[PDB]
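Below you'll find the structure, written out as structure tokens, and then a few comments.
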Amino acid sequence: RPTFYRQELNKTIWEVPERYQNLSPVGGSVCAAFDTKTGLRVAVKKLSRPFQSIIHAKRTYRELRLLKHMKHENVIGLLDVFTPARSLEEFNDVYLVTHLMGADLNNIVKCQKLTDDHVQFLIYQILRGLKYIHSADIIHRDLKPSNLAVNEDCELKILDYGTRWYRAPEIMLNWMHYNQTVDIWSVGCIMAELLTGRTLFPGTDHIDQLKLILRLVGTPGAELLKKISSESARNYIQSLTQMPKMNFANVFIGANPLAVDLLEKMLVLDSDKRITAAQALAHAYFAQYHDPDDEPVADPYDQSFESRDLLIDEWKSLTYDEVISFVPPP
Ligand SMILES: CCCCCCCCO[C@@H]1O[C@H](CO)[C@@H](O)[C@H](O)[C@H]1O
């Protein structure tokens, strides 16, 4: 058991092993720290008030379980988790240590005009990671430029798994449960923006957002209208005149036609037909990066705990168990 020291930053006290030095406020709260053990810079996150409620405590537990499970070059992972508490009874603080990422994809599309090769590399990395996330049975559900860390070498990690601008339309319809392809929709929106320097669907609210989407992909085939239980949703789609399905070729003139085709296959209104991460990784557009022997899948992931109402002390105790059972990587 390590040596802890204490420190006031911004407004909050931090008690962390001595192994971590020069804590510097970045973003729970996030300090950047020097891992004296590895020489590497890392991020130390102090969860806010981890066991403030049933909702907070289950989330804390969920966040710990997720991060413990994620072992892939393109998905945020856990370097360490600790707590100053020395018993279950003391336990009120949780810290997570991860690679210091320092820039997001927003800081990348916003202050540049990326080339085609750059978009192949970034998107390929999203999809490689997403394949691993999906093969665990996890849907991420909030993929957007700000949940993607991109280091100075253009290496990418997916952050925060399990803005309306990237949300699959079926989510905006509420829709009684949906599938992994809700993520492929997001990816298609991210790609479009990488290529164009423009937000694809900068909807003003959830209604507008549907309009903007329809402008591009066209009003649903009767075979898709057939699947919408909601009459008011039905009505609104059939209202606002039947819209002209655009040619992606014109919306994306100048883009590599391979990029354009792939977009067409991602931004399909019917999540059934939307291309999957596994598939998209084999699309020609990625021919320079693809390698089926280096696109691993995840060990299956236990999320049965999502289907239960437990007490705070129960979520707390399970979280305590996970901290203590953490085994670090190489
Ligand atoms: C703007 C109008 C929105 C177009 C309809 C969204 C199509 C989403 O697709 C639908 O998603 C559902 C949720 O998984 C599935 O149950 C259906 O099989 C699938 O076709």
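In the structure tokens, each chain is lettered A, B, ... as it comes, each chain's residues begin at 1, and ligands are numbered from 1 in order of appearance.
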Distance query region 215-230 of chain A at most 9 Å, only C-alpha atoms, self and fewer than 6 positions along chain excluded, as a PDB file with N, CA, C and O atoms, in the first residue's frame:
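Wrote it out as result32.pdb, contents follow:
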```
ATOM      1  N   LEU A 173     -36.497  10.097 -32.142  1.00  0.00           N
ATOM      2  CA  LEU A 173     -37.882   9.581 -32.098  1.00  0.00           C
ATOM      3  C   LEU A 173     -38.188   8.862 -30.792  1.00  0.00           C
ATOM      4  O   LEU A 173     -39.241   8.233 -30.658  1.00  0.00           O
ATOM      5  N   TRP A 175     -37.953   6.008 -29.567  1.00  0.00           N
ATOM      6  CA  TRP A 175     -37.852   4.627 -30.080  1.00  0.00           C
ATOM      7  C   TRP A 175     -37.451   3.621 -29.027  1.00  0.00           C
ATOM      8  O   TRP A 175     -36.344   3.666 -28.453  1.00  0.00           O
ATOM      9  N   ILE A 237     -43.438  13.403 -40.148  1.00  0.00           N
ATOM     10  CA  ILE A 237     -42.634  12.976 -41.302  1.00  0.00           C
ATOM     11  C   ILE A 237     -43.390  13.125 -42.637  1.00  0.00           C
ATOM     12  O   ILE A 237     -42.815  13.519 -43.653  1.00  0.00           O
ATOM     13  N   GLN A 238     -44.676  12.798 -42.629  1.00  0.00           N
ATOM     14  CA  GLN A 238     -45.475  12.877 -43.847  1.00  0.00           C
ATOM     15  C   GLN A 238     -45.933  14.303 -44.094  1.00  0.00           C
ATOM     16  O   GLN A 238     -46.181  14.667 -45.243  1.00  0.00           O
ATOM     17  N   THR A 241     -43.470  18.716 -46.579  1.00  0.00           N
ATOM     18  CA  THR A 241     -43.511  18.026 -47.878  1.00  0.00           C
ATOM     19  C   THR A 241     -42.421  16.976 -48.074  1.00  0.00           C
ATOM     20  O   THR A 241     -41.255  17.196 -47.737  1.00  0.00           O
ATOM     21  N   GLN A 242     -42.833  15.832 -48.617  1.00  0.00           N
ATOM     22  CA  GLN A 242     -41.939  14.791 -49.099  1.00  0.00           C
ATOM     23  C   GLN A 242     -40.692  15.428 -49.744  1.00  0.00           C
ATOM     24  O   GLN A 242     -40.803  16.163 -50.740  1.00  0.00           O
ATOM     25  N   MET A 243     -39.523  15.170 -49.137  1.00  0.00           N
ATOM     26  CA  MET A 243     -38.254  15.879 -49.444  1.00  0.00           C
ATOM     27  C   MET A 243     -37.367  15.151 -50.451  1.00  0.00           C
ATOM     28  O   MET A 243     -37.343  13.915 -50.472  1.00  0.00           O
ATOM     29  N   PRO A 244     -36.600  15.924 -51.263  1.00  0.00           N
ATOM     30  CA  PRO A 244     -35.771  15.332 -52.327  1.00  0.00           C
ATOM     31  C   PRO A 244     -34.498  14.630 -51.803  1.00  0.00           C
ATOM     32  O   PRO A 244     -33.601  15.278 -51.244  1.00  0.00           O
ATOM     33  N   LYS A 245     -34.426  13.312 -51.974  1.00  0.00           N
ATOM     34  CA  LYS A 245     -33.216  12.590 -51.605  1.00  0.00           C
ATOM     35  C   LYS A 245     -32.057  13.106 -52.437  1.00  0.00           C
ATOM     36  O   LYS A 245     -32.023  12.885 -53.654  1.00  0.00           O
ATOM     37  N   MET A 246     -31.109  13.769 -51.778  1.00  0.00           N
ATOM     38  CA  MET A 246     -29.946  14.335 -52.454  1.00  0.00           C
ATOM     39  C   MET A 246     -28.971  13.249 -52.958  1.00  0.00           C
ATOM     40  O   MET A 246     -29.056  12.081 -52.559  1.00  0.00           O
ATOM     41  N   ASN A 247     -28.097  13.636 -53.889  1.00  0.00           N
ATOM     42  CA  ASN A 247     -26.974  12.803 -54.296  1.00  0.00           C
ATOM     43  C   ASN A 247     -25.775  13.207 -53.449  1.00  0.00           C
ATOM     44  O   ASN A 247     -25.290  14.352 -53.506  1.00  0.00           O
ATOM     45  N   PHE A 248     -25.325  12.258 -52.637  1.00  0.00           N
ATOM     46  CA  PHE A 248     -24.168  12.448 -51.784  1.00  0.00           C
ATOM     47  C   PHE A 248     -23.022  13.015 -52.593  1.00  0.00           C
ATOM     48  O   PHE A 248     -22.319  13.906 -52.117  1.00  0.00           O
ATOM     49  N   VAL A 251     -23.482  16.626 -52.509  1.00  0.00           N
ATOM     50  CA  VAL A 251     -23.311  17.141 -51.166  1.00  0.00           C
ATOM     51  C   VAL A 251     -21.833  17.117 -50.785  1.00  0.00           C
ATOM     52  O   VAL A 251     -21.363  17.988 -50.062  1.00  0.00           O
ATOM     53  N   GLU A 264     -22.667   7.027 -47.676  1.00  0.00           N
ATOM     54  CA  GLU A 264     -24.007   6.617 -48.099  1.00  0.00           C
ATOM     55  C   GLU A 264     -24.491   5.411 -47.336  1.00  0.00           C
ATOM     56  O   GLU A 264     -25.691   5.305 -47.061  1.00  0.00           O
ATOM     57  N   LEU A 267     -25.053   6.535 -43.292  1.00  0.00           N
ATOM     58  CA  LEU A 267     -26.146   7.445 -43.021  1.00  0.00           C
ATOM     59  C   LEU A 267     -27.388   6.919 -43.772  1.00  0.00           C
ATOM     60  O   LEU A 267     -28.051   7.643 -44.552  1.00  0.00           O
ATOM     61  N   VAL A 268     -27.679   5.639 -43.531  1.00  0.00           N
ATOM     62  CA  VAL A 268     -28.906   5.006 -43.991  1.00  0.00           C
ATOM     63  C   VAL A 268     -29.949   5.168 -42.878  1.00  0.00           C
ATOM     64  O   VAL A 268     -29.674   4.913 -41.704  1.00  0.00           O
ATOM     65  N   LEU A 269     -31.135   5.616 -43.264  1.00  0.00           N
ATOM     66  CA  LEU A 269     -32.188   5.935 -42.332  1.00  0.00           C
ATOM     67  C   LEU A 269     -32.636   4.713 -41.536  1.00  0.00           C
ATOM     68  O   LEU A 269     -33.018   4.821 -40.368  1.00  0.00           O
ATOM     69  N   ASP A 270     -32.496   3.546 -42.149  1.00  0.00           N
ATOM     70  CA  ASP A 270     -32.934   2.296 -41.542  1.00  0.00           C
ATOM     71  C   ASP A 270     -31.783   1.581 -40.882  1.00  0.00           C
ATOM     72  O   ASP A 270     -30.926   1.026 -41.569  1.00  0.00           O
TER      73      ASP A 270
END
```
Q: For ligand 1, list the contacting residues at 6 Å or closer, counting only C-alpha atoms and all ligand atoms, as a VMD selection string.
A: chain A and resid 169 to 170 178 to 179 210 214 220 269 to 272
Go ahead and save the picked residues with C-alpha atoms, as a short mmCIF file (atom, residue, chain, number, x, y, z; two decimals), in the first residue's frame.
```
data_model
loop_
_atom_site.label_atom_id
_atom_site.label_comp_id
_atom_site.auth_asym_id
_atom_site.auth_seq_id
_atom_site.Cartn_x
_atom_site.Cartn_y
_atom_site.Cartn_z
CA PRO A 169 -32.74 9.79 -35.93
CA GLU A 170 -34.27 6.71 -34.13
CA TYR A 178 -32.39 0.32 -30.68
CA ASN A 179 -29.08 -1.08 -31.90
CA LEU A 210 -35.15 15.62 -38.05
CA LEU A 214 -34.56 14.41 -44.06
CA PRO A 220 -38.70 7.22 -45.49
CA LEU A 269 -32.19 5.93 -42.33
CA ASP A 270 -32.93 2.30 -41.54
CA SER A 271 -30.63 1.08 -38.84
CA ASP A 272 -31.14 -2.43 -40.15
#
```
Q.
Restricting the calculation to only C-alpha atoms: of A:256, A:327, A:318, A:187, which residue gets closest to residue 122 (chain A)?
A.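 So, comparing all the options, the nearest one is A:187.
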Q) as number ranges by chain, which residues of region 84-300 of chain A does DSSP assign to strand (DSSP E)? A) A: 95-99, 148-150, 156-158
I need the residues in region 56-277 of chain A that are alpha helix (DSSP H) according to DSSP; give them as a compact mmCIF listing (two decimals) with N, CA and C atoms, in the first residue's frame.
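Contents of result.txt, as written:
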```txt
# COMPACT_ATOMS: atom_id res chain seq x y z
N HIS A 56 -25.88 8.24 -8.72
CA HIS A 56 -24.46 8.52 -8.73
C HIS A 56 -23.61 7.29 -8.50
N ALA A 57 -24.03 6.44 -7.56
CA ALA A 57 -23.25 5.29 -7.13
C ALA A 57 -23.23 4.19 -8.18
N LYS A 58 -24.38 3.91 -8.79
CA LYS A 58 -24.46 2.96 -9.89
C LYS A 58 -23.62 3.43 -11.10
N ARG A 59 -23.61 4.74 -11.36
CA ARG A 59 -22.86 5.34 -12.44
C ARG A 59 -21.35 5.15 -12.19
N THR A 60 -20.92 5.55 -10.99
CA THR A 60 -19.55 5.37 -10.56
C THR A 60 -19.11 3.93 -10.82
N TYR A 61 -19.92 2.98 -10.34
CA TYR A 61 -19.69 1.53 -10.54
C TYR A 61 -19.63 1.19 -12.01
N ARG A 62 -20.62 1.67 -12.77
CA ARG A 62 -20.66 1.47 -14.25
C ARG A 62 -19.41 2.01 -14.89
N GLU A 63 -19.01 3.21 -14.51
CA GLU A 63 -17.83 3.83 -15.10
C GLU A 63 -16.57 3.00 -14.78
N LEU A 64 -16.44 2.55 -13.54
CA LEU A 64 -15.32 1.68 -13.16
C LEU A 64 -15.31 0.37 -13.93
N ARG A 65 -16.46 -0.33 -14.01
CA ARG A 65 -16.57 -1.60 -14.74
C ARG A 65 -16.22 -1.42 -16.23
N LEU A 66 -16.81 -0.41 -16.88
CA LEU A 66 -16.49 -0.09 -18.27
C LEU A 66 -15.00 0.10 -18.49
N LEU A 67 -14.36 0.99 -17.72
CA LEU A 67 -12.97 1.32 -17.90
C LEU A 67 -12.09 0.11 -17.56
N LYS A 68 -12.50 -0.70 -16.58
CA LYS A 68 -11.67 -1.88 -16.31
C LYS A 68 -11.70 -2.81 -17.49
N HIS A 69 -12.80 -2.81 -18.24
CA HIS A 69 -12.94 -3.83 -19.29
C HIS A 69 -12.22 -3.46 -20.58
N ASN A 106 -12.46 17.85 -31.82
CA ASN A 106 -12.94 19.22 -32.05
C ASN A 106 -11.77 20.20 -32.22
N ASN A 107 -10.81 20.15 -31.29
CA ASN A 107 -9.56 20.91 -31.43
C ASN A 107 -8.76 20.57 -32.69
N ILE A 108 -9.21 19.56 -33.43
CA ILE A 108 -8.54 19.11 -34.67
C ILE A 108 -9.25 19.56 -35.98
N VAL A 109 -10.56 19.34 -36.09
CA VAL A 109 -11.34 19.83 -37.25
C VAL A 109 -11.51 21.35 -37.22
N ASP A 116 -7.50 13.94 -47.14
CA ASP A 116 -8.21 12.68 -47.28
C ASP A 116 -7.53 11.60 -46.50
N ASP A 117 -6.21 11.57 -46.57
CA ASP A 117 -5.47 10.57 -45.85
C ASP A 117 -5.71 10.70 -44.35
N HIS A 118 -5.79 11.95 -43.86
CA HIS A 118 -6.08 12.18 -42.45
C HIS A 118 -7.46 11.64 -42.06
N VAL A 119 -8.46 11.84 -42.92
CA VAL A 119 -9.78 11.38 -42.61
C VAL A 119 -9.84 9.86 -42.63
N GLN A 120 -9.06 9.21 -43.50
CA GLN A 120 -9.05 7.75 -43.53
C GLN A 120 -8.51 7.23 -42.23
N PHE A 121 -7.47 7.87 -41.72
CA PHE A 121 -6.79 7.38 -40.55
C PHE A 121 -7.69 7.56 -39.28
N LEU A 122 -8.23 8.76 -39.12
CA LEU A 122 -9.08 9.06 -37.98
C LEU A 122 -10.32 8.17 -37.96
N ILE A 123 -11.01 8.11 -39.09
CA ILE A 123 -12.26 7.38 -39.11
C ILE A 123 -11.95 5.89 -38.91
N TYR A 124 -10.90 5.40 -39.56
CA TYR A 124 -10.52 4.01 -39.42
C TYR A 124 -10.32 3.69 -37.93
N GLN A 125 -9.69 4.61 -37.21
CA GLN A 125 -9.40 4.39 -35.81
C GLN A 125 -10.72 4.37 -35.00
N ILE A 126 -11.66 5.24 -35.35
CA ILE A 126 -12.94 5.19 -34.64
C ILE A 126 -13.56 3.80 -34.77
N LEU A 127 -13.55 3.28 -36.00
CA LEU A 127 -14.26 2.07 -36.36
C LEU A 127 -13.58 0.82 -35.83
N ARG A 128 -12.27 0.78 -35.88
CA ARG A 128 -11.52 -0.24 -35.19
C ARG A 128 -11.91 -0.29 -33.69
N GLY A 129 -11.96 0.86 -33.02
CA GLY A 129 -12.34 0.91 -31.60
C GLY A 129 -13.79 0.49 -31.40
N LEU A 130 -14.68 1.05 -32.22
CA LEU A 130 -16.08 0.74 -32.20
C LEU A 130 -16.35 -0.74 -32.43
N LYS A 131 -15.59 -1.38 -33.30
CA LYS A 131 -15.73 -2.84 -33.45
C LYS A 131 -15.51 -3.58 -32.13
N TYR A 132 -14.51 -3.14 -31.38
CA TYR A 132 -14.18 -3.78 -30.12
C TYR A 132 -15.29 -3.44 -29.11
N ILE A 133 -15.73 -2.18 -29.06
CA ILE A 133 -16.80 -1.79 -28.12
C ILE A 133 -18.08 -2.60 -28.45
N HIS A 134 -18.44 -2.64 -29.73
CA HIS A 134 -19.65 -3.34 -30.12
C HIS A 134 -19.62 -4.81 -29.82
N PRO A 169 -31.35 9.34 -35.99
CA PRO A 169 -32.74 9.79 -35.93
C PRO A 169 -33.62 8.91 -34.98
N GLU A 170 -33.40 7.59 -34.95
CA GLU A 170 -34.27 6.71 -34.13
C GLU A 170 -34.24 7.08 -32.67
N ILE A 171 -33.07 7.51 -32.18
CA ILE A 171 -32.95 8.08 -30.84
C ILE A 171 -33.79 9.34 -30.64
N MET A 172 -33.80 10.22 -31.62
CA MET A 172 -34.57 11.47 -31.57
C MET A 172 -36.09 11.22 -31.55
N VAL A 182 -26.71 2.76 -34.14
CA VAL A 182 -26.87 4.15 -33.74
C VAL A 182 -25.48 4.84 -33.70
N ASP A 183 -24.43 4.06 -33.43
CA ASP A 183 -23.08 4.61 -33.40
C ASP A 183 -22.52 4.88 -34.80
N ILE A 184 -22.84 4.00 -35.75
CA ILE A 184 -22.39 4.16 -37.11
C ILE A 184 -22.99 5.44 -37.69
N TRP A 185 -24.17 5.82 -37.23
CA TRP A 185 -24.75 7.03 -37.69
C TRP A 185 -23.83 8.19 -37.22
N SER A 186 -23.45 8.18 -35.96
CA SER A 186 -22.62 9.25 -35.42
C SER A 186 -21.32 9.37 -36.20
N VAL A 187 -20.74 8.22 -36.51
CA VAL A 187 -19.47 8.15 -37.16
C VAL A 187 -19.65 8.80 -38.52
N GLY A 188 -20.80 8.57 -39.17
CA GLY A 188 -21.05 9.09 -40.49
C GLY A 188 -21.14 10.58 -40.43
N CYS A 189 -21.70 11.12 -39.34
CA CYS A 189 -21.77 12.55 -39.15
C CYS A 189 -20.37 13.12 -38.89
N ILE A 190 -19.55 12.41 -38.13
CA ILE A 190 -18.24 12.91 -37.82
C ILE A 190 -17.41 13.00 -39.12
N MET A 191 -17.43 11.90 -39.89
CA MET A 191 -16.75 11.80 -41.16
C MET A 191 -17.10 12.94 -42.11
N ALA A 192 -18.38 13.11 -42.42
CA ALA A 192 -18.88 14.25 -43.19
C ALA A 192 -18.22 15.57 -42.80
N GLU A 193 -18.17 15.85 -41.50
CA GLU A 193 -17.56 17.08 -40.97
C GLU A 193 -16.05 17.12 -41.15
N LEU A 194 -15.41 15.96 -41.13
CA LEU A 194 -13.97 15.93 -41.22
C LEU A 194 -13.63 16.32 -42.64
N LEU A 195 -14.48 15.88 -43.55
CA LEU A 195 -14.23 16.04 -44.95
C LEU A 195 -14.54 17.44 -45.39
N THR A 196 -15.53 18.06 -44.74
CA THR A 196 -16.13 19.28 -45.25
C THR A 196 -15.81 20.52 -44.43
N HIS A 206 -34.55 19.05 -31.30
CA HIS A 206 -34.83 17.69 -31.81
C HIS A 206 -35.76 17.64 -33.04
N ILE A 207 -36.63 18.64 -33.18
CA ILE A 207 -37.52 18.73 -34.35
C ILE A 207 -36.74 19.12 -35.60
N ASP A 208 -36.05 20.25 -35.49
CA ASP A 208 -35.22 20.81 -36.56
C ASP A 208 -34.29 19.74 -37.11
N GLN A 209 -33.74 18.97 -36.17
CA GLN A 209 -32.71 17.98 -36.43
C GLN A 209 -33.25 16.95 -37.39
N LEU A 210 -34.48 16.52 -37.13
CA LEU A 210 -35.15 15.62 -38.05
C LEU A 210 -35.33 16.21 -39.47
N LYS A 211 -35.64 17.50 -39.55
CA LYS A 211 -35.81 18.20 -40.83
C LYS A 211 -34.54 18.12 -41.63
N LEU A 212 -33.44 18.51 -40.96
CA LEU A 212 -32.10 18.60 -41.55
C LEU A 212 -31.69 17.24 -42.07
N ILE A 213 -31.88 16.21 -41.26
CA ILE A 213 -31.62 14.84 -41.68
C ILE A 213 -32.43 14.46 -42.94
N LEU A 214 -33.71 14.81 -42.94
CA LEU A 214 -34.56 14.41 -44.06
C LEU A 214 -34.09 15.15 -45.32
N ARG A 215 -33.80 16.45 -45.20
CA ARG A 215 -33.26 17.17 -46.36
C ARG A 215 -32.20 16.35 -47.09
N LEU A 216 -31.33 15.68 -46.35
CA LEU A 216 -30.26 14.95 -47.00
C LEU A 216 -30.65 13.55 -47.50
N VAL A 217 -31.25 12.74 -46.62
CA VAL A 217 -31.35 11.31 -46.93
C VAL A 217 -32.67 10.93 -47.57
N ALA A 222 -42.16 3.70 -47.72
CA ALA A 222 -43.34 3.21 -47.03
C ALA A 222 -42.97 2.01 -46.12
N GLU A 223 -41.93 1.25 -46.49
CA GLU A 223 -41.46 0.08 -45.72
C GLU A 223 -40.77 0.45 -44.39
N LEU A 224 -40.57 1.75 -44.19
CA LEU A 224 -39.94 2.28 -42.99
C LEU A 224 -40.98 3.02 -42.17
N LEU A 225 -41.84 3.76 -42.89
CA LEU A 225 -43.07 4.33 -42.30
C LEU A 225 -43.89 3.24 -41.62
N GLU A 231 -48.13 7.83 -34.17
CA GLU A 231 -48.89 8.56 -35.19
C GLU A 231 -48.41 10.02 -35.36
N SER A 232 -48.03 10.67 -34.27
CA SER A 232 -47.57 12.06 -34.36
C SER A 232 -46.20 12.17 -35.06
N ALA A 233 -45.33 11.20 -34.79
CA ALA A 233 -44.08 11.05 -35.50
C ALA A 233 -44.38 10.78 -36.98
N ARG A 234 -45.25 9.78 -37.21
CA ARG A 234 -45.78 9.45 -38.54
C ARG A 234 -46.23 10.74 -39.21
N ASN A 235 -47.10 11.48 -38.53
CA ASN A 235 -47.68 12.69 -39.10
C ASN A 235 -46.62 13.73 -39.48
N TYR A 236 -45.75 14.07 -38.53
CA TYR A 236 -44.71 15.04 -38.80
C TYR A 236 -43.78 14.68 -40.00
N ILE A 237 -43.44 13.40 -40.15
CA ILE A 237 -42.63 12.98 -41.30
C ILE A 237 -43.39 13.13 -42.64
N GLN A 238 -44.68 12.80 -42.63
CA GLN A 238 -45.47 12.88 -43.85
C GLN A 238 -45.93 14.30 -44.09
N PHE A 248 -25.33 12.26 -52.64
CA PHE A 248 -24.17 12.45 -51.78
C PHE A 248 -23.02 13.01 -52.59
N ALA A 249 -22.89 12.53 -53.83
CA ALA A 249 -21.90 13.03 -54.80
C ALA A 249 -21.88 14.58 -54.91
N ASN A 250 -23.05 15.21 -54.96
CA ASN A 250 -23.13 16.67 -54.93
C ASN A 250 -22.94 17.27 -53.53
N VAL A 251 -23.48 16.63 -52.51
CA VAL A 251 -23.31 17.14 -51.17
C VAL A 251 -21.83 17.12 -50.78
N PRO A 257 -14.38 9.55 -53.88
CA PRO A 257 -15.66 8.86 -54.09
C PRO A 257 -15.84 7.64 -53.20
N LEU A 258 -14.73 7.04 -52.79
CA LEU A 258 -14.78 6.00 -51.76
C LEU A 258 -15.35 6.51 -50.42
N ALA A 259 -14.83 7.62 -49.91
CA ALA A 259 -15.44 8.34 -48.77
C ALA A 259 -16.94 8.59 -48.95
N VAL A 260 -17.33 9.11 -50.12
CA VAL A 260 -18.73 9.38 -50.45
C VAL A 260 -19.63 8.12 -50.40
N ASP A 261 -19.18 7.03 -51.00
CA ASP A 261 -19.92 5.77 -50.97
C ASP A 261 -20.10 5.25 -49.53
N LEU A 262 -19.03 5.31 -48.73
CA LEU A 262 -19.04 4.82 -47.37
C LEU A 262 -20.03 5.65 -46.56
N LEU A 263 -20.03 6.97 -46.77
CA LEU A 263 -21.00 7.80 -46.08
C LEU A 263 -22.42 7.33 -46.40
N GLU A 264 -22.67 7.03 -47.68
CA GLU A 264 -24.01 6.62 -48.10
C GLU A 264 -24.49 5.41 -47.34
N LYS A 265 -23.54 4.52 -47.02
CA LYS A 265 -23.79 3.27 -46.35
C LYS A 265 -23.84 3.36 -44.81
N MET A 266 -23.51 4.52 -44.27
CA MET A 266 -23.50 4.74 -42.85
C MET A 266 -24.75 5.54 -42.47
N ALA A 277 -19.51 -1.68 -38.00
CA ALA A 277 -18.11 -1.37 -37.83
C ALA A 277 -17.21 -2.41 -38.47
```
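Of note, CA of residue 321 (chain A) and CA of residue 73 (chain A) are spaced 26.3 Å apart.
The spacing separating CA of residue 20 (chain A) from CA of residue 84 (chain A) amounts to 13.6 Å.
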Q) Any idea what the distance is between CA of residue 301 (chain A) and CA of residue 280 (chain A)? A)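 Rounded to one decimal, the two atoms are 23.2 Å apart.
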**Q.** All residues 9 Å or closer to residue 44 (chain A), only C-alpha atoms, same chain fewer than 4 positions away omitted, as a PyMOL selection string
**A.** chain A and resi 16+20+23+29-33+95-100
Q: Write out as number ranges by chain which residues come within 12 Å of residue 308 (chain A) when counting only C-alpha atoms, dropping same-chain ones fewer than 6 positions away.
A: A: 54-55, 58, 314-315
Pull C-alpha atoms from the residues just selected and write them as an mmCIF file, in the first residue's frame.
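Contents of the output file result.cif:
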```cif
data_model
loop_
_atom_site.group_PDB
_atom_site.id
_atom_site.type_symbol
_atom_site.label_atom_id
_atom_site.label_comp_id
_atom_site.auth_asym_id
_atom_site.auth_seq_id
_atom_site.Cartn_x
_atom_site.Cartn_y
_atom_site.Cartn_z
ATOM 1 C CA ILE A 54 -28.396 5.616 -6.063
ATOM 2 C CA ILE A 55 -27.962 7.216 -9.510
ATOM 3 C CA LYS A 58 -24.464 2.964 -9.893
ATOM 4 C CA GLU A 314 -24.469 -2.021 -2.208
ATOM 5 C CA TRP A 315 -23.217 -0.042 -5.219
#
```
Q) Counting only C-alpha atoms, what is within 8 Å of residue 300 (chain A), bar same-chain residues fewer than 4 positions away, as a VMD selection string? A) chain A and resid 135 to 137
